[PDB]
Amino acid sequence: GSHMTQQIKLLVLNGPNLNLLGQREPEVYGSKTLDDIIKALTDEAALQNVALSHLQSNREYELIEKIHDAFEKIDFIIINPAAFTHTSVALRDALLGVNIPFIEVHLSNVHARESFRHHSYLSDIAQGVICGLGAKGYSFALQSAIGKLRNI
């Protein structure tokens, strides 16, 4: 506690369709964009000596290749795989292959939606899972990650 902390390098990965946040019927579904969420999250992290990086993609390969590039360079991942949660064994195997701990986040409550959304190829190997709490879910994952890495 008394010493300066070591910088944590944390990567946030977002999957398909999350670039649409804030676009359709904003008076109904909300006005906050993904860029707004990540800007806020990057500032929150920087006040705790965390250098937060981000990629969102509709391209599964961009997410896989970014996980590979994270090897021995990133301390922790926060991932919202979106639709690829239910379909991508390749993302599971990238995360197991680089051995970086991660937390799974969803804006929506997947358990209140169709039954196909109730199965995740990541949840069993995640440190934990947050769903249904909106944009704050990313901040909760960041808080969890800092506490896990610094034992606080």
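Start at 1 and count along the sequence shown; that's the residue number.
Legend: mean Cα B-factor per stretch from the PDB entry, 28 to 36 versus 116 to 124; the higher mean is in 28 to 36. For the pair 2 to 10 and 141 to 149, the mean B factor over Cα atoms is greater in 2 to 10. For the set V110, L95, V105, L55, the PDB entry puts the maximum C-alpha B factor at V110.
Among the modelled residues of the chain, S88 sits in the middle third by CA temperature factor in this PDB entry. The entry lists a Cα temperature factor for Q23 that places it in the highest third of the chain's modelled residues.
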